[PDB]
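Chains as they are written, first to last, in the authors' numbering: chain A, 591 to 738; chain B, 409 to 1121; chain C, 886 to 910, 938 to 1174; chain D, 148 to 289, 304 to 442; chain E, 10 to 606.
See below for the structure under consideration.
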Amino acid sequence: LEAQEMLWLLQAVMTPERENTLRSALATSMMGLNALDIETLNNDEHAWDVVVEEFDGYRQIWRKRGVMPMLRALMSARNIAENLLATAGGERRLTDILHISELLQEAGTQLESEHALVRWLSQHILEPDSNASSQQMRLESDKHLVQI
Amino acid sequence: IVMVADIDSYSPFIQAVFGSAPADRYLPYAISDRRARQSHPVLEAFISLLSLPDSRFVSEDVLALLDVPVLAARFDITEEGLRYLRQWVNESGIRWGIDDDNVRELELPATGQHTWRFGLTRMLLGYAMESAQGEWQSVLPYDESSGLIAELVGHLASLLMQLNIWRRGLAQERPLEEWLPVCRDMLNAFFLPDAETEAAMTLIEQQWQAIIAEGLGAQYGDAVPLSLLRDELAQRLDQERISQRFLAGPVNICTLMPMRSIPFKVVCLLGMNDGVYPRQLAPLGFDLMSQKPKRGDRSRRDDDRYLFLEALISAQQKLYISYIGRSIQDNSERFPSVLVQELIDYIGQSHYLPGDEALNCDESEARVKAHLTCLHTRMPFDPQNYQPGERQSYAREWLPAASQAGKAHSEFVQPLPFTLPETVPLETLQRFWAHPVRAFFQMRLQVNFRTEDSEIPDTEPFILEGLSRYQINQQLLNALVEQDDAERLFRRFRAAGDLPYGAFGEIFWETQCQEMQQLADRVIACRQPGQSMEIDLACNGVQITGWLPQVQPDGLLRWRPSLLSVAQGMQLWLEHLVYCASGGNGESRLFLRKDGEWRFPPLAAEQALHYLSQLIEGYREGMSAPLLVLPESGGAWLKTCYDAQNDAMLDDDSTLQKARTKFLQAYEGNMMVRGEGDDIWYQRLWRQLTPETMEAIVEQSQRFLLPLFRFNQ
Amino acid sequence: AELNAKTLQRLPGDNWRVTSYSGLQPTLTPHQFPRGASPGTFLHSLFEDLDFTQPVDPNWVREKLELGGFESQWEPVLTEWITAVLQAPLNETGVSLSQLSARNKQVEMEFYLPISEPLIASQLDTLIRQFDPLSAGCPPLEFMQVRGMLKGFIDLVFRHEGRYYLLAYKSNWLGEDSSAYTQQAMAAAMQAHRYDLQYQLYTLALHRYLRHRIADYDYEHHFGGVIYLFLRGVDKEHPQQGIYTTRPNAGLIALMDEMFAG
Amino acid sequence: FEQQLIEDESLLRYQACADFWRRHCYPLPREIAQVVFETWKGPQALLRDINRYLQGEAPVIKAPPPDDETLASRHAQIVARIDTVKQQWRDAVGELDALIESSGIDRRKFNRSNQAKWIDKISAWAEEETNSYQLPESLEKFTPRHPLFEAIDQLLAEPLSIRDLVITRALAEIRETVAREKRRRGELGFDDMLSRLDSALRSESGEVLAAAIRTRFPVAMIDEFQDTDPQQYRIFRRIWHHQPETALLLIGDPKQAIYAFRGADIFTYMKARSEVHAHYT
Amino acid sequence: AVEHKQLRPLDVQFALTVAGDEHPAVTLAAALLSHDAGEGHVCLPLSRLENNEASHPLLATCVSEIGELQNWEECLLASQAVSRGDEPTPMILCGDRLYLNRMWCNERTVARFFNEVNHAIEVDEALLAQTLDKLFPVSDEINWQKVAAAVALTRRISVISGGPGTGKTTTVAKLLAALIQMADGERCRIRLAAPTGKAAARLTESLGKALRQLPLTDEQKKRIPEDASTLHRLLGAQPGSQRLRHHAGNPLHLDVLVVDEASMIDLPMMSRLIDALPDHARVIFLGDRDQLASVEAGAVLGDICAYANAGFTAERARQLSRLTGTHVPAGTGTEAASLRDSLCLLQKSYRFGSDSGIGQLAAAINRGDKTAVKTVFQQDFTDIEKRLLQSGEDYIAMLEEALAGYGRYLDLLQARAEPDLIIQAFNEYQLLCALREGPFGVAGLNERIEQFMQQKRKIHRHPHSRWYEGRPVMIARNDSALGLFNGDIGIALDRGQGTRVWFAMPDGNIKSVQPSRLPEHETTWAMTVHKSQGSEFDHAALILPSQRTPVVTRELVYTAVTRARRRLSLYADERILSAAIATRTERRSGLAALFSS
């Protein structure tokens, strides 16, 4: 599900004018907002204006600096990494998000256009083929776990 | 300076970690010795156009060429026109094959359908004739492209015809005196000159004329094939390197280049693990210099060892060496290179720590090699890096993540204020009781998770399964309910290419016609002509306005080519409640496949209004809080726990275990049937089905789905 | 336990960058030539590769147009336009390009110029406007403090009768088709495209080169001036149109050398 | 000298299987395509059946069909074989001479009625189950004198299936189409290196190439010999069988050969143990 | 024509695919039919194909049969691509006019809807006359609005033809008031339809401010029409598929349907609207007869209202005299009594009379060009000015007159006032251009006006910001979530919280939106005449290109004249204005022959 959430986030960054894709991307489990927060964000126009402005800034960083600077600024401004580390069972989700970010940055340097990386991510979501780089890694090494 | 063994593998990671730094942390960087990448959608499209007769003309390979703005601007195709052409090729039945002669060329039988010419004829017939008229030349028209937007079809037919001509042009082998104007004519035919893409076409012409000049300098007389020139141009286009910003002033990112040793204060080395460095280039085998070596002979291994020596000598102040020691996938030990191992061996055998002045020789060597080795953490948010001491991280973005002083993810379920309006339509109640969690998402907070549409398949449909089979069964059931000609619908579905070619489509149509005739013999056995009626109800101060289609005097008659499911039973029960509340004494019947039937007897006005008020209370409860009523799994749990003989629910442990088994079977299915839990609306609420939420779903299904199985017969 | 992250006290680096001048900023006729960057570089390569002593051969021009990829019909007008450019002298005494031998010429001189002070635009533009007469208009450009090296590629340097001269090529010239390219229009083009800073840096680099190479060097004795050659403005009947000769005041060069040195 | 290795080979394999299904299953008539549809729904089921045999070494099919027999000839042969039994039932109908047993109920004539309505056309492929009541080996266990029961038992001795000929033609066609497509594109695969080295050592001059390998490395220490394909052992027997000054050390374990799904085989290790003379543990 | 000779690749590929191995006559006929369908002509007459083609004898040498295929009908019917209406063929030849199958189906659907289904609803004439007397206060002479309302409430299908400023929405309000006052106990689910969303918003605000004026009851205010919907939203059109929600099976549950601005309704949308209507709904069409043609191929309202010049019937004249209580004139002759009875013509304009030159110029546009020259010539009526545009000095004079037109807008912009008065001052002066690019177009005039505002000290513009204070933008796509429709103007300014774009909602308020929240934005200093339909401007200025183009015709100049409320300026040559009036955008269709029998 984290790849689909990253696809929705990239579609909201690329097209922040239509509010439907941005609303579908903000309500994901990666952001981690309640239904009251989504309702107050739909009701308050100024908070949605701030969200559209910061997503336009994310689009400017994504067009100027790349994939990983935009993703790092999004994970630092929203502080979603600390919230996923505080949530029990979210460390594996955070490592999957980081691996998806590394693969998107590795595939984004070989592509010139910005929508081409989004199409590549949607294609790799639609293609479940297993490569040596695109497999799931170990989530943690310090904490001892029962190894199946 | 930072030197890597391979620049192209590490340069995305280097650019990623150097761009992500904030303004107080950002240092300027300059990457040199990388492969010169100027314009990918020009050079790659020209390489794909040089492989035009060898290509299979798949629809994705042509839409990737139309993704290029140069080829789209040549044939006057915009981005909106490309977005229309995507769904037009996806729905028009265009998979592979430009022409029927191309299908006969590949030693394949001429099917006549599922080609580019078939789709072009289909789109032009749809521009001329509506789809309700029928076939003309065993080609069903395409009713989407009808207005001036089908002019873009006239652009696409302007493209593929050109894609035929060079397909007949680049097949024959030509000598080198004839390949001169070919690339120029291809460039002025398929591409348009622009301000950005002028230098790419100039480089294409320069490399092509340089290849032909190097060929004709030897006066080559024989013929030269197309694939050789294509491979030579693909090799020559990627040969270029860039080294302009090697010493501009930002920190240098480059690979190790031989016979270049410059003194620097800080020299960093990356990718010094085994296998990556030293770069090994195997000899040709038939070279005589490798057999009898001389003094002046040069090999890449000795050049890399001398480069490591020059990097050791050229470092003035600080030398940094980093290699991958542990695998990121399986945590396997990755050994370093032999040069770094000899370096740490000479360090351990030549120096000792003042803590253990005289302990041993091997133990002091291992202690020095362990003191120099800084085994960093696997993840950047680890608290070991932020511990104060010798080494400390400068990444302030992962400091609250490593401090573990953040709030956790709260639950998505929250009590929201919601006032029930006066006029609530029947369509809103049908969309609510079709999927309650989706109706809580896409209507209350207006969050509809829009997944991307499916891509075009690479081959013609040999089998029928999924949405296409359901649409074929739906049209066949709507045709057989009026006793229409099934053969006309067979010719209509075969003219559109939705059926398999030849006899297999006939076998599929025969077995689907047998199944739909078996269903129609039960459907029209008790069918009466009925018209649509109006619904105007007042329940609990709530107005319900709507329309019920095909209301017969026997009652309600619905037919769908699906399986026995609880959602269709809930829909039929809602229609029966909204039908019996305003007159209408009679049963309600729904006929599914495999002798599945939902029946509800007629009820009084009081019981119908009470159950309608219960459904209205469930609707106003589902908008404030997410109403966890699973139709399939909750209905399976209920029908495992319900007893229709005594009209009471059992409470023994065996039924409580079989209902849990049915709930786990219907929630998460097998590896062949998609379960109910595999959905984008249920994974947002919970990640794992907890028994507390399972008991909540069980209680909500016992509260709501109980008149479904109570009045079932 | 409590943990913190270290913070950098100062900036990681000053503005050090090795830049160039661009970083700090009937049916067949030369007026009907396609105006672009690639035809400009093609004409620059044609003026670079061609020898000035030998007469221009038409088959060589046809071969160069075959290698470049232009039309073959432009060639007999192109060779006579090239010979009309080469016959026109560009000097205050009337020295043509055919009188320059192979040892006297040097094409595409690449220079690196050091600067150890932070280059302030306000302290430089006033020093330019104090001596250069073309800085009456032209409001000043804005650039950051550049400390380090400066790259440059001079088109041609040539000596004649014991006096050194510089020559550059500008060939865009899209807006002129008539004979309106007089000295006023060329001066307006120099003020608009801001080639005064490029020519001043070229004079500073040539002064430092002739000071380093030739012992007992004087700036007024050896240097003669800078010639700008607009290719589409050269006419057979107008020797003054197309060429633009400028000489500095010989006091700006010493102050610019003192500013760039330290 | 330069070739492009591909990681995934399933796409070209599915393309060649689709090409085989286009060039073999499309011009068939209804009476053959019905049996083809009864065997497999499409080329995907056939590829799912033969995907464990398309990769690696091609296996040897026991009792293969002849090279001139097509689907129509096999269909006509099975149709004539069914029609002979139908003729022998139509000739010997209307008689009952076997003794009635306690297990044998007297409704068998109704089963004969099920054999009375069965002989209408030869357009079908599936016979009735009541012919299992007309077997001499089953009626004796429940007195058969007429050879019609023995002809029915000979008809039901082997299953009437077109599956084996289509599988043999698929194994002959899809691998050749995959190899031709990879030779056209110039690509190579992981098992293609083993197949190319085995075809090079299969030739006459390539034996001298093996001597070049004896010039290259005059020793071999092969770890994990339980995971050894027969092509690999054929190569290692071609190079290092009995030549002097070269040593072969097969270090392995037959009790750990668990990769039989990948392509390994313990019978190759048993052949290697039968070929060599010395054993160490 | 000139564009008809330059063949599109769509027509060439259609001719190569449909005809194929047939005669080249069928190829040329299919190419000409596809080109006329691309230009907007519904039908192709065989006389133009036979006479105006140079290859017509050559194909006569191509065919070889017993009868030699001398006639075009036999040569087309010999091929398998043209039939008489029985075989599922792409091309249809029925009345010596060749069309495509979709166009023939839609044309026969329109002819069936306007010839057979339009019956006469018989109601009480005394109560209808009493409601018309109590609603319309003028009863001294002939009022066309009262006759229009009577003939719209009498028949089922009725077309009301009238220009802008003639009080059409007041007539619709009186018609709906008399409709609800006639049927008291019977419920009426009134529905309103529009082709565009901006015209739907204007229709909602106009009928809202019109229906609250007339006295109603508590049950009569409950039956007020709620909203006006788009024709793609009322029928349920999807972006992906062309399947409608109310296509053939379930009709729309409506009692009366008022479709405003039927001039922008093309033939497939009209045929899809016709197939969705039940057998009891009454449809009232609104629009102007001489207005601009439809967007796609087809001309419905013009071919309907072409028979309005003949007049009514002899019985219908006595019926209208008994209904309205006045003297209604009768039309001479009887060709199609149902269509001639269902039509009406509005000539008495209320917002402008014979004293204003705008209505006289609009009446002279449909006449000869010398009448328009005489209308502009004598004394100019203090409303219409004519400025000759030939050279650069005339362009500078046009820019100076545009500065004089936008003077109050720049004065309210520089004084830092409220944005409502800024939008109200901007909505008084407007330039109307024909083309899009070049020196005469949208993007040319916008960039020239921006350069002129950069030259003179009127508007400060940053070159790299693109969101300077005072730029007018317009949206190109609809957005129901933000509340803005296609064709709505917004003004970007700084209220103090940043540069935001203010839009004037039809409810009377102003909405400040972020420029990053705008889905589409184009500079609108000069609008096209096709995109300015429905709106109204006080001072309009038409700019026509000197190059001859098929866009500049009689209907374009007519829509440019009727766009102005009081003041209208012209910047064109005399020869271009003389050629645009004579060259009428005729669209060949079979409605002239189907309605005649």
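Just so it is clear, CB atoms sit at the ideal spot from N, CA and C, and this is done for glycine as well.
TODO: Express the C-alpha separation of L451/B and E149/D in angstroms, rounding to a whole number.
DONE: 21 Å
- [ ] With a 10 Å radius around its C-beta and 16 neighbouring C-beta atoms as the bar for buried, classify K207/E as buried or exposed.
- [x] buried
Task: Contact under 7 Å by Cβ, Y1114/C with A1162/C - done: no
- [ ] Can you pull the chain B residues whose beta carbon is under 7 Å from the beta carbon of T26/E, in chain order?
- [x] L528, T529, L532
Task: Within 7 Å, strictly: CB atoms of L1143/C and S1083/C - done: Result yes, Cβ atoms of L1143/C and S1083/C sit closer than 7 Å.
Task: Residues from the stretch 164-176 of chain D in contact with chain B, defined by Cβ distance under 8 Å - done: The residues in question are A165, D166, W168, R169, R170, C172, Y173, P174, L175, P176.
Task: Where the beta strand (DSSP E) through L677/B begins and ends - done: 672-678
Open item on the list: Buried or exposed for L631/A, going by 16 or more other Cβ atoms inside 10 Å?
Closed with: buried
- [ ] Helix, strand or coil for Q951/B, going by three-state DSSP, please let me know.
- [x] When secondary structure is reduced to three states using DSSP, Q951/B falls in the strand class.
Task: Inter-residue Cα distance where the pair is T919/B and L286/D - done: Between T919/B and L286/D, the C-alpha separation is close to 37 Å.
Open item on the list: DSSP has residue 937/C in a bridge; who is on the other side?
Closed with: Residue 937/C cannot be placed in this structure, since chain C goes from 910 to 938 without the numbers between.
Open item on the list: Please identify the residue among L1093/B, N596/B, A975/B, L727/B whose C-alpha is closest to the C-alpha of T610/B.
Closed with: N596/B
Task: Whole runs of the beta strand (DSSP E) within the stretch 934-1013 of chain B, excluding any shorter than 3 residues - done: 939-947, 950-960, 963-967, 995-999, 1005-1008
Task: Inside the stretch 965-1000 of chain C only - alpha helix (DSSP H) runs reaching at least 4 residues - done: Here the runs fully enclosed are 970-980, 987-999.
TODO: Take every Cβ of the stretch 140-158 of chain E, pair it with every Cβ of the stretch 333-353 of chain E, and state whether three or more of those distances are shorter than 8 Å.
DONE: yes
TODO: Just mark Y754/B as buried or exposed, buried being the case when its beta carbon has 16 or more other beta carbons within 10 Å.
DONE: exposed
Open item on the list: Taking 7 Å as the threshold (beta carbon to beta carbon), is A911/B in contact with chain D?
Closed with: yes
Open item on the list: Can you check whether the C-beta of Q446/B is within less than 7 Å of a C-beta belonging to chain A?
Closed with: Judged by the 7 Å Cβ criterion, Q446/B is not in contact with chain A.
Task: One or two residues paired with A1067/B in a DSSP bridge - done: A1067/B is not bridged by DSSP to any residue.
Open item on the list: Quick check: the stretch 193-210 of chain E against the stretch 233-240 of chain E, are at least 3 beta-carbon pairs closer than 8 Å?
Closed with: yes
Open item on the list: Taking 8 Å as the cut-off, does the stretch 832-848 of chain B touch the stretch 159-175 of chain D (at least 3 CB pairs, one atom from each stretch)?
Closed with: Touching, no, given that fewer than three Cβ pairs across the two stretches are closer than 8 Å.
TODO: Determine the burial state of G479/E: buried for a count of at least 16 other Cβ atoms within 10 Å of its Cβ, exposed for fewer.
DONE: Burial call: buried.
Open item on the list: Residues of chain B with CB closer than 8 Å to the CB of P190/D, please, in chain order.
Closed with: Neighbours of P190/D on chain B, chain order: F870.
Task: Under 7 Å between C-beta atoms of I1024/B and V950/B - done: yes
Task: Partners in chain A for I736/B, counting only beta-carbon separations shorter than 8 Å - done: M727
TODO: Quick one: give me the first and last residue of the alpha helix (DSSP H) that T70/E is part of.
DONE: 65-71
Open item on the list: Just to check my reading of the structure: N1016/C and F1070/C have Cβ atoms closer than 8 Å, yes? What is that Cβ distance to the nearest angstrom?
Closed with: 5 Å
Open item on the list: Between the stretch 152-164 of chain E and the stretch 208-219 of chain E, can you find at least three pairs of beta-carbon atoms closer than 8 Å?
Closed with: no
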